[PDB]
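Enquirer: Below you'll find the structure I mean.
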Amino acid sequence: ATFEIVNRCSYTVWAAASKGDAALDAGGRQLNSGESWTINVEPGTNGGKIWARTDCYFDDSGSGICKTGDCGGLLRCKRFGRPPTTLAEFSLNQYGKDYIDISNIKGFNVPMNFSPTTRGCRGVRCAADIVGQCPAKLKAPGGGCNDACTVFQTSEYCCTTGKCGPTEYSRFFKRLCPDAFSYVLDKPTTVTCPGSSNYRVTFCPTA
């Protein structure tokens with residue numbers, strides 16, 4: 001499948017793509033404002049994620065650090081990034097269907113549109129100013145808005161026992177972005193697409 005990753009933000013982001021134990025395509029790249037990066041994701045990929053990283057600096061060998069979404073200090077991510085990270089999530093070719101969603105379970109750093117470029121399903125979007133409105137306890141110094149599990153490490157926020165309810169913190173994310181997961185047992189906002197669809201992820205889709 002092909003994913004076009006577009007940075008419509010006025011600031012540079014460092015895109016990342018991983019399935020947790022391996023990079024997808026090159027795994028990461030700088031995107032200046034307006035730049036697009038097309039990657040190929042092999043069919044049958046389960047549990048892939050795309051996210052933006054902000055305020056990175058990398059050296060020659062591609063080692064460095066980012067203030068949001070850092071994946072062990074590498075430009076080319078092999079593993080998932082450090083929260084807060086707005087997440088585009090996907091599983092491809094699962095019994096003939098693709099499944100996509102946007103998740104705030106790991107916090108929010110950059111607004112995001114996640115849409116198919118082929119037909120047969122709708123896109124999803126979380127483009128509200130969650131950083132500006134972020135509750136004081138969840139604000140991350142480096143930028144972004146942490147989820148409550150990351151901050152407080154309780155069974156309720158992290159849904160460790162496999163049961164948990166919505167919280168004052170999850171309700172904040174859900175009120176600003178109803179189409180994104182706000183906690184792990186949220187009513188699913190997953191979208192079902194035809195198997196082998198193609199997609200575009202747009203950072204800062206509105207502004």
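Chain lettering (A, B, ...) mirrors the order of the structure tokens, residue numbering begins at 1 for each chain separately, and ligand numbering begins at 1 in order of display.
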Find the spatial neighbours of segment 35-51 of chain A, counting only C-alpha atoms, within a cut-off of 7 Å - ignore same-chain residues fewer than 2 positions away - and output them as a PyMOL selection string.

Expert: chain A and resi 1-7+15-19+24-25+31-33+53+85-94+196

Enquirer: Write out as a ChimeraX atom specification the residues lying within 12 Å of segment 139-145 of chain A, counting only C-alpha atoms and excluding same-chain residues fewer than 2 positions away.

Expert: /A:52-56,65-70,82-86,104-111,129-137,147-151,169-170,172-173

Enquirer: Find the residue from A:118, A:192, A:153, A:182 that sits nearest to residue 166 of chain A; use only C-alpha atoms when measuring.

Expert: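 Nearest to residue 166 of chain A: A:182.
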
Enquirer: By how many Å are atom CA of residue 125 of chain A and atom CA of residue 22 of chain A apart?

Expert: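 According to the coordinates, atom CA of residue 125 of chain A and atom CA of residue 22 of chain A are separated by 26.0 Å.
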
Enquirer: Output as a VMD selection string all residues of segment 48-153 of chain A that backbone DSSP marks as strand (DSSP E or B).

Expert: chain A and resid 48 to 54 57 to 58 63 to 65 68 74 87 to 94 97 to 103 108 112 to 116 124 to 126 139 145

Enquirer: For the selection you just gave me, I'd like the residues written to a file as a compact mmCIF listing (two decimals), in the first residue's frame, keeping N, CA, C and O atoms.

Expert:
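New file result00.txt:
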```txt
# COMPACT_ATOMS: atom_id res chain seq x y z
N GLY A 48 0.69 -1.07 12.33
CA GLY A 48 1.57 0.01 11.93
C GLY A 48 1.09 1.36 12.45
O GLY A 48 -0.10 1.57 12.70
N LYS A 49 2.04 2.27 12.65
CA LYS A 49 1.72 3.59 13.17
C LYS A 49 2.56 4.65 12.45
O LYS A 49 3.73 4.41 12.12
N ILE A 50 1.95 5.81 12.22
CA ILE A 50 2.65 6.97 11.66
C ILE A 50 2.40 8.13 12.61
O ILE A 50 1.29 8.28 13.14
N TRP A 51 3.45 8.92 12.87
CA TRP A 51 3.33 10.05 13.77
C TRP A 51 4.37 11.10 13.38
O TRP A 51 5.29 10.82 12.60
N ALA A 52 4.18 12.30 13.90
CA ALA A 52 5.13 13.39 13.71
C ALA A 52 5.96 13.56 14.97
O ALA A 52 5.50 13.29 16.08
N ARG A 53 7.20 14.00 14.78
CA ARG A 53 8.07 14.39 15.88
C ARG A 53 8.44 15.85 15.69
O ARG A 53 8.58 16.33 14.56
N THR A 54 8.57 16.57 16.80
CA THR A 54 8.86 17.99 16.76
C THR A 54 10.16 18.31 17.47
O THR A 54 10.58 17.59 18.39
N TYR A 57 16.93 17.24 16.83
CA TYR A 57 18.13 17.59 16.09
C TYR A 57 18.89 16.29 15.93
O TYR A 57 18.97 15.50 16.87
N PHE A 58 19.40 16.07 14.74
CA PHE A 58 20.10 14.85 14.42
C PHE A 58 21.47 15.19 13.87
O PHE A 58 21.67 16.24 13.26
N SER A 63 21.56 10.11 14.48
CA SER A 63 21.28 10.02 15.91
C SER A 63 21.09 11.41 16.48
O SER A 63 21.77 12.36 16.08
N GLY A 64 20.17 11.53 17.42
CA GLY A 64 19.89 12.81 18.02
C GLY A 64 18.78 12.71 19.03
O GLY A 64 18.72 11.74 19.79
N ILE A 65 17.88 13.69 19.05
CA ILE A 65 16.79 13.71 20.01
C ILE A 65 15.68 14.59 19.46
O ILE A 65 15.93 15.51 18.68
N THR A 68 9.13 15.72 21.06
CA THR A 68 7.98 14.83 21.10
C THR A 68 8.22 13.69 20.12
O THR A 68 8.81 13.89 19.06
N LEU A 74 16.78 7.97 17.11
CA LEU A 74 17.09 7.69 15.71
C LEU A 74 16.22 8.53 14.79
O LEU A 74 15.03 8.76 15.06
N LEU A 87 -1.45 9.68 16.93
CA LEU A 87 -1.10 8.45 16.22
C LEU A 87 -2.09 8.18 15.10
O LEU A 87 -3.30 8.12 15.33
N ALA A 88 -1.57 7.98 13.89
CA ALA A 88 -2.31 7.34 12.81
C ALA A 88 -2.03 5.84 12.87
O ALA A 88 -0.87 5.43 12.80
N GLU A 89 -3.08 5.03 13.02
CA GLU A 89 -2.90 3.60 13.26
C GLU A 89 -3.59 2.79 12.17
O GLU A 89 -4.68 3.15 11.71
N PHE A 90 -2.97 1.67 11.77
CA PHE A 90 -3.55 0.92 10.67
C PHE A 90 -3.12 -0.54 10.72
O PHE A 90 -2.01 -0.88 11.14
N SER A 91 -4.04 -1.41 10.28
CA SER A 91 -3.75 -2.81 10.01
C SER A 91 -4.29 -3.11 8.62
O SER A 91 -5.46 -2.83 8.33
N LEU A 92 -3.45 -3.65 7.75
CA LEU A 92 -3.77 -3.79 6.34
C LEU A 92 -4.05 -5.25 6.00
O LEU A 92 -3.41 -6.16 6.54
N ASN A 93 -5.02 -5.47 5.10
CA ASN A 93 -5.30 -6.80 4.55
C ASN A 93 -5.59 -7.81 5.65
O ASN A 93 -4.96 -8.87 5.73
N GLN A 94 -6.51 -7.46 6.54
CA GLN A 94 -6.96 -8.36 7.60
C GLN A 94 -8.28 -8.97 7.15
O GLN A 94 -9.33 -8.34 7.26
N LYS A 97 -9.93 -6.74 4.55
CA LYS A 97 -10.25 -5.37 4.93
C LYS A 97 -9.03 -4.67 5.52
O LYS A 97 -8.13 -5.31 6.08
N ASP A 98 -9.01 -3.35 5.35
CA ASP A 98 -8.06 -2.45 6.01
C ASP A 98 -8.78 -1.78 7.19
O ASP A 98 -9.96 -1.46 7.09
N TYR A 99 -8.05 -1.55 8.28
CA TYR A 99 -8.61 -0.84 9.43
C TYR A 99 -7.72 0.33 9.81
O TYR A 99 -6.52 0.14 10.02
N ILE A 100 -8.31 1.52 9.92
CA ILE A 100 -7.54 2.73 10.24
C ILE A 100 -8.23 3.49 11.36
O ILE A 100 -9.45 3.42 11.55
N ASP A 101 -7.43 4.25 12.10
CA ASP A 101 -7.96 5.11 13.16
C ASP A 101 -6.91 6.13 13.52
O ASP A 101 -5.73 6.03 13.15
N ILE A 102 -7.35 7.15 14.24
CA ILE A 102 -6.48 8.10 14.91
C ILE A 102 -6.67 7.90 16.40
O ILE A 102 -7.79 7.67 16.87
N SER A 103 -5.57 7.96 17.15
CA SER A 103 -5.59 7.68 18.57
C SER A 103 -4.93 8.81 19.34
O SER A 103 -3.87 9.29 18.95
N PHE A 108 -1.17 13.90 22.49
CA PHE A 108 -1.36 14.69 21.28
C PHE A 108 -0.17 15.62 21.13
O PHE A 108 0.24 16.26 22.10
N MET A 112 -3.89 16.25 12.87
CA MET A 112 -3.70 15.20 11.88
C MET A 112 -5.01 14.85 11.18
O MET A 112 -6.06 14.77 11.83
N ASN A 113 -4.94 14.66 9.87
CA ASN A 113 -5.98 14.06 9.03
C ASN A 113 -5.44 12.72 8.55
O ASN A 113 -4.30 12.63 8.09
N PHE A 114 -6.28 11.68 8.55
CA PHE A 114 -5.90 10.36 8.06
C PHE A 114 -7.00 9.90 7.11
O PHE A 114 -8.08 9.51 7.56
N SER A 115 -6.74 9.97 5.80
CA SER A 115 -7.76 9.73 4.78
C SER A 115 -7.29 8.75 3.72
O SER A 115 -6.10 8.69 3.40
N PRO A 116 -8.20 7.96 3.16
CA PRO A 116 -7.85 7.15 2.00
C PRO A 116 -7.77 8.01 0.75
O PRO A 116 -8.46 9.03 0.62
N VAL A 124 -10.61 10.17 8.83
CA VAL A 124 -10.80 10.65 10.20
C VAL A 124 -9.80 11.75 10.47
O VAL A 124 -8.74 11.82 9.85
N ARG A 125 -10.13 12.60 11.44
CA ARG A 125 -9.37 13.82 11.65
C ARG A 125 -9.40 14.17 13.13
O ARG A 125 -10.44 14.02 13.79
N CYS A 126 -8.27 14.63 13.66
CA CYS A 126 -8.24 15.31 14.95
C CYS A 126 -7.43 16.59 14.75
O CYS A 126 -6.19 16.55 14.76
N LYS A 139 0.08 18.99 30.53
CA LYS A 139 0.95 19.72 29.61
C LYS A 139 2.37 19.17 29.68
O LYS A 139 2.92 18.99 30.76
N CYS A 145 0.48 17.50 24.65
CA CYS A 145 -0.46 17.24 25.73
C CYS A 145 -0.42 15.74 26.00
O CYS A 145 -0.84 14.94 25.15
```

Enquirer: Determine which residues of segment 6-178 of chain A DSSP labels as alpha helix (DSSP H) from the backbone of this structure, then write them out as a list in words.

Expert: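 Taking segment 6-178 of chain A and keeping alpha helix (DSSP H) only, one gets residues 130, 131, 132, 133, 148, 149, 150, 151, 152, 155, 156, 157, 158, 168, 169, 170, 171, 172, 173, 174, 175 and 176 of chain A.
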
Enquirer: Keeping C-alpha atoms, export the residues of the selection given above as a CSV table (one decimal), in the first residue's frame.

Expert:
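The resulting file, result34.csv, is shown below:
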```
chain,number,residue,atom,x,y,z
A,130,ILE,CA,-5.5,20.3,22.1
A,131,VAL,CA,-2.1,21.7,23.0
A,132,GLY,CA,-3.5,25.2,23.7
A,133,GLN,CA,-6.4,23.8,25.7
A,148,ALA,CA,-3.2,10.5,31.7
A,149,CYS,CA,-1.7,7.0,31.7
A,150,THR,CA,1.7,8.4,30.7
A,151,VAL,CA,1.6,11.1,33.5
A,152,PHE,CA,0.0,9.2,36.4
A,155,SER,CA,-4.5,1.1,36.6
A,156,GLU,CA,-7.5,3.2,35.8
A,157,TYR,CA,-5.8,5.5,33.3
A,158,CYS,CA,-3.8,2.7,31.7
A,168,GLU,CA,-12.0,13.6,33.4
A,169,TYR,CA,-8.7,13.5,31.3
A,170,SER,CA,-10.0,11.1,28.6
A,171,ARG,CA,-13.2,13.2,28.3
A,172,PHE,CA,-11.0,16.3,27.5
A,173,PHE,CA,-9.5,14.6,24.5
A,174,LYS,CA,-12.9,13.1,23.4
A,175,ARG,CA,-14.6,16.5,23.6
A,176,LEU,CA,-12.1,18.1,21.3
```

Enquirer: Could you jot down the atom CA of residue 179 of chain A to atom CA of residue 202 of chain A separation for me, Å, one decimal place?

Expert: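 A separation of 15.6 Å between them.
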
Enquirer: So which residues touch residue 117 of chain A within 7 Å, counting only C-alpha atoms, skipping near sequence neighbours fewer than 2 positions away, as number ranges by chain?

Expert: A: 115, 119, 198-200

Enquirer: Print the selection's residues with C-alpha atoms to a file, as a CSV table (one decimal), in the first residue's frame.

Expert:
```
chain,number,residue,atom,x,y,z
A,115,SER,CA,-7.8,9.7,4.8
A,119,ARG,CA,-12.4,4.8,-2.6
A,198,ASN,CA,-4.0,3.7,-0.3
A,199,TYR,CA,-3.8,6.6,2.1
A,200,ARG,CA,-2.6,10.1,2.9
```
